[PDB]
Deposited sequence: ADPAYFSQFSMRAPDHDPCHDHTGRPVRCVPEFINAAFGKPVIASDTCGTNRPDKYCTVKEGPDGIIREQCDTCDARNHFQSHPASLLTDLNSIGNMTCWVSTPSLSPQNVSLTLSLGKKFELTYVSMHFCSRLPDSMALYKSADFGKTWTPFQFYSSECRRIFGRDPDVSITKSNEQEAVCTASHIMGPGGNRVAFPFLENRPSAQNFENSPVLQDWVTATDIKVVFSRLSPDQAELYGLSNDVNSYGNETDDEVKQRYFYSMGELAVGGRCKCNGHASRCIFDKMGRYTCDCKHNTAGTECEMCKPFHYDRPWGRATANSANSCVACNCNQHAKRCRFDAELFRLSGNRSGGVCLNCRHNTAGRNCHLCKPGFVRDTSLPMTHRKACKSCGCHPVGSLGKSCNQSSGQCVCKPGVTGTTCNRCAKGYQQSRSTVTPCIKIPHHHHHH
């Protein structure tokens, strides 16, 4: 149908997947959920209102799945942690299944806004995590960071910690935009540091403290300390480096880019086989940086990119063909192997572009012949196109070093 990766004439152009809420309809894995072991009373103030949380009944259950489901206008389904007068180390983990480039992470809390939480991302499918924003009324003591550290050109990946969520304008909704206040934001397409900043395969929210212990048996106030949230939204695009308009499931089940521009890899981050004439690049407004096919004059199955050759060509071509067949030779299989010669009547792409020199081994000095006329390298006294007969005045000797000696009594 419509390929947004080529313009109406067919020229390659930059293309990106559509911007989505990439959290939506994906599992969130909570470290703790109320009503898991036994019913649990929890209470929220508005007058105080208590409910029972029991995971065995749908009307009483608050699983993490509620975080990325469809919400009704006055009916927000909320996940709820287990009431404890000592709540901490409670985490939510979301797998995107694929690298995305993220614009924002939004959290819509239900009861109270948590005092201290940390946002992390992974870019290796959960193997490792780095922070990217903190929230706390005591950044220094809790998270070992100064509050509201200024972002300069020399710390654009700063993971800021702030207490400004507390009476913030979003109320119970907290949104972190990845590019806000980043100096290189307007130069994103030429900012590897920012391109790294916004790349993630997973997100993780870690809650450390509900309140600074500033907010009747203890079973009663226990029913007020709990984490609770109804909407986890992660806005971004599937990362394809400008070389795909959509991501798909291939026939092996992998979620991956629908790579265009003769690229390959799950992120279109390398060139396809036999497309190694130019270095890979990310597409930009100026140019798609489409990978370029090697030229092996129909004589080679594989090729490789040689960077120094590319730099010597004037940054034009850099593919080196591998194992040229059919007695061809050269980095483009554009020449003839030693002992062969360019059959001019056929094209270089023909399976018989290079015909044997046919040089008679005894009368010639080398197997290789004149690449233009085919004439072989004749020893003294030898003549012929392939140096296979003695010249006038010479006669076949016995030695194979000098097979033609002068004829005695023959005038020269």
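Residues of the deposited sequence lacking C-alpha coordinates, numbered from 1, fall in the stretches 1 to 14, 61 to 67, 237 to 250, 448 to 449.
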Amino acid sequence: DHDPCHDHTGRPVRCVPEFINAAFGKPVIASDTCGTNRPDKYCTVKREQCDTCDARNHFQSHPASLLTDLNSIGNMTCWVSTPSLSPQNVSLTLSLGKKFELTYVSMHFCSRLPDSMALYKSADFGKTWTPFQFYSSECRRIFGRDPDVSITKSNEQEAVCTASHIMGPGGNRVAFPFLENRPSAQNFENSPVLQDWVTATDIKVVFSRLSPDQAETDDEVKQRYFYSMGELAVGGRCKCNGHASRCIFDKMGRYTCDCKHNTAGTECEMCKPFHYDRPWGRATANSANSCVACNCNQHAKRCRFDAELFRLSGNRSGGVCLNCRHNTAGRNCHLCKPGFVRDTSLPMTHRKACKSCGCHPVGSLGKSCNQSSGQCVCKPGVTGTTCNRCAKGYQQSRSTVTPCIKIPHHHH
From here on, numbers count along this sequence of modelled residues.
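Once the C-alpha B-factors are averaged per stretch, 193 to 201 and 220 to 228 rank with 220 to 228 first. Averaged over Cα atoms, the B-factor as recorded in the entry is higher for 338 to 346 than for the other of 338 to 346 and 108 to 116. Residue set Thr103, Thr77, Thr130, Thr263: peak C-alpha B-factor at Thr77 (per PDB entry).
Going by the entry's values, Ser313 shows the largest Cα B-factor out of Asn241, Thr93, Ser81, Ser313. For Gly35, the recorded CA B-factor ranks within the lowest third of the chain. Only modelled residues enter the ranking. In this PDB entry, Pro27 carries a Cα temperature factor that places it within the lowest third of its chain's modelled residues.
For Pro17, the recorded CA B-factor ranks within the lowest third of the chain. Only modelled residues enter the ranking.
Per the deposited record, the Cα B-factor of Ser122 falls in the lowest third when ranked against the other modelled residues of its chain. When the modelled residues of the chain are ordered by C-alpha B-factor, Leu179 sits in the lowest third.
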